[PDB]
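Fold and geometry: a report
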Number of protein chains: 2
Amino acid sequence: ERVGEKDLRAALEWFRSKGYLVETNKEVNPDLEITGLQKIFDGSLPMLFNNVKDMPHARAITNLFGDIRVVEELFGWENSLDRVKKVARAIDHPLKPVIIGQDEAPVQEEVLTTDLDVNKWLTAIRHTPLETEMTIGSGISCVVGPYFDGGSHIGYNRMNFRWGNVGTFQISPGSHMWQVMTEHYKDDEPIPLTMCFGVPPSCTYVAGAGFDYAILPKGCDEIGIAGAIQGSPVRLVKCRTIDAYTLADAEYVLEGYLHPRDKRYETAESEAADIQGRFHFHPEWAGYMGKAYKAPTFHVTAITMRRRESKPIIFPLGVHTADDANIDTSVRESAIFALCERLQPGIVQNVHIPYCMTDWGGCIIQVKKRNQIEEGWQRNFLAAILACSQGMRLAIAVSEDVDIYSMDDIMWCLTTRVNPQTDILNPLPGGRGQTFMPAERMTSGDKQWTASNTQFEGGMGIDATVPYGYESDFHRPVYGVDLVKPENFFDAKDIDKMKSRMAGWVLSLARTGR
Amino acid sequence: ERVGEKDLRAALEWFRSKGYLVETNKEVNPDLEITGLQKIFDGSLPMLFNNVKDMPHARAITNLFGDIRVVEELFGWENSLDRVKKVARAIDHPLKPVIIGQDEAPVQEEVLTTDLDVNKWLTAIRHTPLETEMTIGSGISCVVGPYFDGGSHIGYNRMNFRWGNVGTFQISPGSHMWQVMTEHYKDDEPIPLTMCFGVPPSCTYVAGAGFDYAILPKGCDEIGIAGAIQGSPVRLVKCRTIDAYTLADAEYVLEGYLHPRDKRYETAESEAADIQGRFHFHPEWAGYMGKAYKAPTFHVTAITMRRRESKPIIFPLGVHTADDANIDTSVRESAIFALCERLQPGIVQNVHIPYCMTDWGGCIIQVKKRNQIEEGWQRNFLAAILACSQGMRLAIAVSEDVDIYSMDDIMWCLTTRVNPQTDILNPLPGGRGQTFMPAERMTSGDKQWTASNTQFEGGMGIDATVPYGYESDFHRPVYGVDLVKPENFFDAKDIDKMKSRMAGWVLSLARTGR
Ligand SMILES: CC(C)(COP(=O)(O)OP(=O)(O)OC[C@H]1O[C@@H](n2cnc3c(N)ncnc32)[C@H](O)[C@H]1OP(=O)(O)O)[C@@H](O)C(=O)NCCC(=O)NCCSC(=O)c1ccccc1C#N
Ligand SMILES: CC(C)(COP(=O)(O)OP(=O)(O)OC[C@H]1O[C@@H](n2cnc3c(N)ncnc32)[C@H](O)[C@H]1OP(=O)(O)O)[C@@H](O)C(=O)NCCC(=O)NCCSC(=O)c1ccccc1C#N
Ligand SMILES: [Ca+2]
Ligand SMILES: [Ca+2]
Ligand SMILES: [Fe+3]
Ligand SMILES: [Fe+3]
Ligand SMILES: [Fe+3]
Ligand SMILES: [Fe+3]
Ligand SMILES: [K+]
Ligand SMILES: [K+]
């Protein structure tokens with residue numbers, strides 16, 4: 001029982017074969033060093049640390065999804081558009097997970113039912129020097145079967161184990177875990193779930209999804225979507241101490257129960273002062289320094305893992321990195337594309353959630369109007385995206401003559417193609433927002449800065465598309481960059497010099513001559 | 001009379017000494033090849049073409065201001081902020097131009113008072129294959145003395161000489177030339193002016209300015225500002241056939257008279273169909289394909305130039321390039337900074353007009369609120385900038401923890417720091433706009449698409465700053481990128497690989513660890 005099928009170790013072997021893996025044997029400190037090195041090489045190749053300070057049994061990998069190109073190469077996609085379309089198709093066609101025996105699951109080689117000190121086995125890290133606690137943010141929640149209406153859910157939840165085998169469990173209001181906890185908020189028994197660490201890359205990719213429940217509602221099969229993404233079923237295994245299932249090919253597994261009504265503070269400082277929304281926790285998805293809140297507790301009852309001599313791998317990652325941004329926004333883009341295609345097929349050409357747009361904060365859709373009867377569909381798309389993606393603050397629609405991956409080109413569209421009196425939608429003022437946005441959280445006023453007091457401003461949908469029938473007046477003409485060859489005029493040396501001095505919007509403008 | 005003092009040739013020598021000059025002897029075609037090569041290397045080093053097709057007496061340089069770094073090095077500035085502050089100081093302290101004798105002016109070595117075929121001596125170019133005419137867009141208008149209220153004006157004006165020695169003269173409504181023509185629209189005598197070609201780089205830098213007349217009103221000394229920028233007075237010389245002055249150190253000079261009431265069409269096609277706003281002319285500053293209009297005529301009476309064996313240099317440049325963008329937006333940024341400093345000193349920290357913002361289209365100001373009594377000044381600044389910069393469509397204010405040069409960071413500020421119900425200003429709906437913006441020009445409806453029928457939407461001022469006293473809640477925390485050294489963990493080879501895979505917002509985030 002020591003082989004993961006399409007597991008993280010196979011991905012590491014593939015990275016090493018492609019030359020995309022950077023290893024080191026120097027001992028890395030989980031306190032400020034892993035996240036520091038990840039931010040120094042933000043959006044770069046994966047880094048594998050063989051020696052982690054005070055964790056002789058663990059290896060740490062980071063920047064696994066830092067470069068979207070290497071991720072697309074790992075999953076067999078040509079480019080971002082191909083990835084979006086293939087992931088939408090996978091969302092509509094899940095692969096049912098397969099259950100294997102308890103004696104052939106690689107993640108159950110070692111089963112600790114006592115001596116449950118999570119902080120001794122799972123690597124907790126500190127992101128910034130301003131933090132006080134070391135937290136665990138590498139595990140994905142896994143709920144399979146009756147508690148998810150016969151489907152399966154996988155997603156990240158940050159945990160702070162400050163009571164040995166009991167830690168806080170951060171749940172986004174409105175998410176799948178929030179819906180499960182709300183349905184069972186007044187039950188007598190706790191919710192049995194497991195946290196998986198070092199899972200297969202497809203499971204991480206699908207766990208990044210969130211707040212796309214018009215496409216992935218409660219009862220869907222997220223593990224099935226991961227299996228369809230990886231081209232084969234994901235293996236499940238029955239837990240040892242609870243009635244649930246786990247990812248058999250993970251590296252660590254925490255079995256336990258979620259107590260919805262047993263809420264405790266995430267940090268000792270906030271627990272002392274007894275207020276939420278202040279007292280920094282660590283950097284969050286909106287790009288701001290974090291805050292600490294009360295949260296339900298996760299009561300661990302068993303710690304399963306691979307053979308400790310094999311040094312099971314854990315994937316710790318800073319929040320404000322290209323890694324986390326890719327992990328969330330990839331399936332977010334695919335789900336937004338699927339929704340727009342459901343509403344009216346053939347109009348949306350591409351969807352992109354750039355790193356700068358705060359994974360749950362905004363998105364960009366590219367629409368192509370084929371005739372006069374399709375004019376106005378971009379506004380329906382913007383309203384539907386803002387309403388079906390809770391707390392999304394800025395959705396932008398652009399035409400097909402726009403480079404959706406260049407923020408400079410988007411800014412140009414905003415400057416030249418937006419009528420400020422009619423092209424700025426504010427669909428749902430007073431709806432549900434995201435508490436982690438400081439602009440929204442500051443609307444609490446003098447109340448507790450939690451989700452119960454914030455007041456959403458309604459989002460912002462910007463229609464920066466060209467009106468149909470005015471494509472000649474809004475034409476970005478072309479420069480003749482294909483009609484002349486620089487080799488006829490200069491030598492290779494000068495051409496390389498001039499090319500090396502180029503960066504930014506000019507790279508996009510020179511490719512298209514636009 | 002054959003030495004320009006701080007002239008274009010001295011700048012070429014400096015570029016060659018610094019290794020920033022790329023030369024070639026292959027004959028370049030002014031039709032689609034110069035602009036094509038400039039767009040292939042957009043924002044790169046200057047290119048000098050020694051042989052121009054059908055112009056055996058002329059040399060052509062392009063991308064002279066393509067790289068703002070080489071421009072700042074040429075003028076002796078450390079960075080863009082230093083450039084902005086120094087240029088504001090120069091705006092407030094002009095150097096009076098000096099007049100030299102007619103026999104020592106390098107630009108008057110050859111004086112052609114007959115055989116005035118402008119197209120035979122001045123290199124006209126075609127930008128895109130969609131155009132029909134070859135136009136002259138390398139000369140700057142120069143009005144000195146009584147017709148500019150004792151001051152001096154320099155600025156670009158595109159000319160199409162389709163009547164031998166008479167060509168159209170494109171004038172922006174509201175500009176300095178527009179104000180001069182409006183003051184003398186009903187005079188009997190024409191307006192005597194000269195067009196200078198291959199002028200000193202400081203004169204090009206100052207001619208790029210426009211629509212900043214709260215700082216550079218009619219009657220100012222723009223040539224004095226150029227002299228102050230270059231650190232020495234600009235030399236003037238009395239014209240030969242008219243009562244005016246010219247830049248003595250230019251390469252070509254066209255003396256003549258501007259006939260405000262003698263308006264003709266810019267292209268034969270639009271003249272035939274007899275409509276304006278259609279019938280493409282060439283790419284304009286807003287990044288769109290151009291249109292042709294009626295315009296006053298410039299009646300040339302003499303063509304002065306340097307010795308034709310010296311091959312005088314001409315500076316043709318495509319409109320939608322980093323070159324033109326720098327040329328305009330540099331002094332635009334300095335003037336906006338000066339205005340904001342006049343209104344309330346010490347609040348604005350930096351001003352930037354990115355390439356993506358359509359030189360007259362938008363700007364970004366960075367404000368730092370020092371106390372509670374300064375909260376709200378960013379809105380005064382935005383309103384004043386939108387009102388005193390005619391036709392500006394999008395002004396954005398950001399806080400001091402923002403990278404003003406990264407469009408991704410600006411998009412992040414837009415996503416997380418903008419209240420759509422209170423932070424989007426629309427100050428002056430129905431005011432004066434820019435006819436060359438298609439979004440504005442399409443408001444003409446069924447009328448002629450000219451400046452007489454467009455209806456401005458009012459501009460858009462976005463207050464994306466952090467409210468004072470909430471700097472802890474809007475804190476972009478920091479990652480510990482200075483506390484760990486990658487050399488201790490990896491070798492130089494892997495570090496260079498990981499660094500080479502990085503580009504875009506990650507370069508800004510990794511420098512600040514933010
Ligand atoms: C809002 C909440 C939780 C509430 O807590 P509070 O505002 O303090 O109010 P409350 O809970 O005490 O009272 C409430 C009363 O409503 C009844 N009630 C309460 N809940 C339920 C329920 N589920 N079902 C049925 N009834 C319920 C109770 O009956 C009664 O409560 P009880 O009397 O029973 O105790 C509040 O604490 C709170 O955490 N905000 C913040 C939570 C939040 O944004 N995370 C987002 C996580 S994204 C994230 O990280 C991330 C994502 C991507 C990338 C990086 C990162 C990072 N890095
Ligand atoms: C609007 C206009 C000119 C008017 O023309 P029209 O709309 O057709 O109306 P109109 O002139 O025939 O009539 C008008 C009537 O108002 C009276 N009147 C008219 N003018 C005056 C005056 N100055 N003073 C006193 N009275 C005056 C006349 O008394 C009567 O005219 P008359 O009867 O006497 O003839 C119209 O033609 C027109 O060109 N729009 C477009 C012009 C325009 O945006 N360029 C912007 C140039 S930025 C540029 O390139 C650029 C910049 C940076 C980087 C790259 C690039 C590029 N690449
Ligand atoms: Ca993305
Ligand atoms: Ca600029
Ligand atoms: Fe889920
Ligand atoms: Fe629009
Ligand atoms: Fe002027
Ligand atoms: Fe604001
Ligand atoms: K998920
Ligand atoms: K000027």
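Residues numbered from 1 in each chain as written, not as in the entry; some residues may be left out. Chains lettered and ligands numbered in written order. Part of a larger assembly, values for the part shown. Heavy atoms only, no water.

Method of determination for the deposited model, per the PDB record: cryo-EM, at 2.04 Å resolution.

Bringing the packing of aromatic side chains into the picture now. Applying the stated rule across the entire model yields 40 aromatic pairs over all chains. Ring geometry for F490 of chain A against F49 of chain B: centres 6.1 Å apart, planes inclined by 50°, an arrangement best described as tilted. Taken together, the residues span two chains, with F490 of chain A in the loop between β20 (460–464) and α14 (492–500) and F49 of chain B in strand β2 (residues 47–49). Take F490 of chain A and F49 of chain B: they sit in the same class, and that class is buried. Taken together, the aromatic side chains of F41 and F49 of chain A together with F489 and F490 of chain B make up a single cluster linked through ring pairs. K120 of chain A extends its terminal NZ or CZ atom over the ring of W121 of chain A, reaching a point 4.9 Å from the ring centre. (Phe/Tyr/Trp six-rings, centres within 6.5 Å; stacked < 30°, edge-to-face > 60°. Helix = DSSP H or I, 4+ residues; strand = E, 2+ residues; numbered from the N terminus. Buried < 20%, exposed > 50% of the residue type's maximum accessible area, 1.4 Å probe, protein only. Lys NZ or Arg CZ within 6 Å of the ring centre and 35° of its normal.)

For the rest of this paragraph, the subject is the coordination of the iron ion (ligand 8). Around the iron ion (ligand 8), the protein supplies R417 of chain B (O) and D463 of chain B (O) as donor atoms, at distances of 2.7 to 2.8 Å. Remark: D463 of chain B occurs in strand β20 (residues 460–464) and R417 of chain B occurs in the loop between α12 (407–416) and β19 (424–425); sequence separation between them is 46 residues. (Donors = N, O, S within 2.8 Å, 3.2 Å for Na, K, Ca; no water.)

All names here are of chain B. Relative to the helices and strands, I229 resides in helix α8 (residues 222–230). A C-alpha to C-alpha distance of 33 Å links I229 and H259, two positions 30 residues apart in sequence. With residues up to four places along the chain from it excluded, the contact list for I229 reads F75, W77, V87, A90, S202, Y205 and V206. (Contact = heavy atoms within 4.5 Å.)

This part is about unusual backbone geometry. The backbone of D274 of chain A sits at a positive phi, close to 65°, despite the residue not being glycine. Position of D274 of chain A among the secondary structure elements: in the loop between α9 (268–273) and β14 (294–305). For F211 of chain B, which is not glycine, the phi dihedral falls at a positive 60°. Examined against the element boundaries, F211 of chain B turns out to sit in the loop between α7 (201–207) and α8.

Here the focus is the pattern of salt bridges. Residue and element names in this part refer to chain A. In this structure the tally under the stated criterion is 64 salt bridges over all chains. With a closest N to O distance of 3.3 Å, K86 and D82 form a salt bridge. One end of the pair is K86 and the other is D82, both in helix α4 (residues 80–92) and four residues apart, which spans about a single turn. A salt bridge links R370 to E374, with the nearest nitrogen and oxygen atoms 2.4 Å apart. Residue classification places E374 among the buried positions, given a relative accessible area of 7%. Counted as one network, the salt bridges with shared partners bring together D7, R9, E251 and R306. (Salt bridge = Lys/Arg side-chain N within 4 Å of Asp/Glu carboxyl O.)

Further remarks concern the sheet that holds strand β3 (residues 59–62) of chain B. Residues and elements named next belong to chain B. Reading across from one edge, β1-β2-β3-β15 is the order of the four strands in this open sheet, with mixed pairing throughout. Edge strands, defined here as strands with exactly one partner in the open sheet, are β1 (22–24) and β15 (313–314). The pairing of β1 with β2 spans three bridges and is classified as parallel. Bridging across to β2, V22 finds its partner in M47. (Pairing = 2+ DSSP bridges.)

This next bit is on the interface of chain A and chain B. Each partner contributes to the interface: chain A provides 107 residues, whereas chain B provides 107 residues. Summed over both sides, the interface between chain A and chain B buries roughly 9,000 Å², with carbon and sulfur atoms accounting for 69% of that surface. At the junction of chain A and chain B, the tally comes to four salt bridges. Where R441 of chain B meets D473 of chain A, a salt bridge forms, and the shortest distance between an N and an O atom there is 3.7 Å. Linking chain A with chain B are 28 residue pairs in polar contact. A per-class count over the side of chain A that touches chain B returns 59 nonpolar, 26 polar and 22 charged. (Buried area = accessible area lost by both parts, 1.4 Å probe. Polar contact = N/O pair within 3.5 Å; in protein donor to acceptor, adjacent residues only side chain to side chain. Nonpolar A, V, L, I, M, F, W, Y, C, P; charged D, E, K, R; others polar.)

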